[PDB]
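Single chain ahead, written as structure tokens, the form deposited in one PDB entry.
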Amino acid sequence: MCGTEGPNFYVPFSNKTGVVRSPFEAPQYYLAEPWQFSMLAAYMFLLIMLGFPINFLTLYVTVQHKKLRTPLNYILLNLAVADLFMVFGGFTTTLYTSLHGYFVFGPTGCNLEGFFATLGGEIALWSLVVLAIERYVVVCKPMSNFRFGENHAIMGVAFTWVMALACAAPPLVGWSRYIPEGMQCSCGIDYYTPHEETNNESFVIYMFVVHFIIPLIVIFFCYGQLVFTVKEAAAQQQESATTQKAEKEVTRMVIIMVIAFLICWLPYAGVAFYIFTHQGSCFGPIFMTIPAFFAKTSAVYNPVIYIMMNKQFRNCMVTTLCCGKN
């Protein structure tokens, strides 16, 4: 008797005292104090205030600078848009519901907010995967006579939308479901109840394999091969101080990206390990929901790492912010 079941929701709190209410109808102040809901709002506010400008500005300087509109950069614009889906589909709604202490948009808004917030995070995830694949193809040259062009980059972007719909759409049509999660102010995939009617167990496994294990393998293989190729070529040109510098910075960037991906990936894996083993006990509004709580900041640090640390983007944004000069 861990929580309180109901149609379209699972409140992680026991109703033996009779105080539990539907997360669509009344505040959930038995899960957390009102000030903790306010701090949830403050965190959404921080994410909006940092996440909208960085991601919008990425779209804005691309319009003003012709050099940024290369095919290899299409996937980065895709990343900016996906983060905007997280900011408006997810962070903005949650700021508003947070301050009511419950999900005031009803089960319909739950499917909407859950879809768009999940879509945004999924497009982002597969953008990092596709970018790693593209860089691997361009550097390691695994195809004899291949040249990465505009059409290939469009396939890459379309591929992320297909993968993102593959995760976000089934819960609308019967495989798993969207329900309020954690403090019940935002909606997501249901990893919290085994709903035999929506086959939740098979979807969690599909999510864990296809959208969690595979992305890590692809990112590690592609970037490992790339660093191997770059270090090999530099070894044959040790007379060039610049080639060695380029090799060092490529390696240091790949480390940063992989470390950043792990910082978002490992908390989910640690929670899994605490579900596999330690399966008995319940889990409060801090389920899990802790990996979700911190993965949200990827809408801020991913554009910082993949765009603001890009050599050309930075100069173009300085020029744009500096009213044309500098």
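The first residue of the sequence shown is number 1, and the count goes up from there.
The protein also exists as the form deposited with a partner chain bound; that form is not presented, and the subsequent description refers to it.
Student: Quick one: does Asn310 come within 4.5 Å of the partner chain in the deposited bound form, counting heavy atoms only?
Tutor: It does: once the partner chain is placed as it appears in the deposited bound form, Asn310 has a heavy atom within 4.5 Å of it.
Student: Is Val81 close enough to the partner chain in the deposited bound form to count, meaning some heavy atom within 4.5 Å?
Tutor: No, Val81 sits far enough from the partner chain in the deposited bound form that none of its heavy atoms falls within 4.5 Å.
Student: Looking in the deposited bound form, any heavy atom of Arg135 within 4.5 Å of the partner chain?
Tutor: Yes, contact at 4.5 Å.
Student: If we define contact as a non-hydrogen atom of the residue within 4.5 angstroms of the partner, is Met257 a contact of the partner chain in the deposited bound form?
Tutor: Yes, contact at 4.5 Å.
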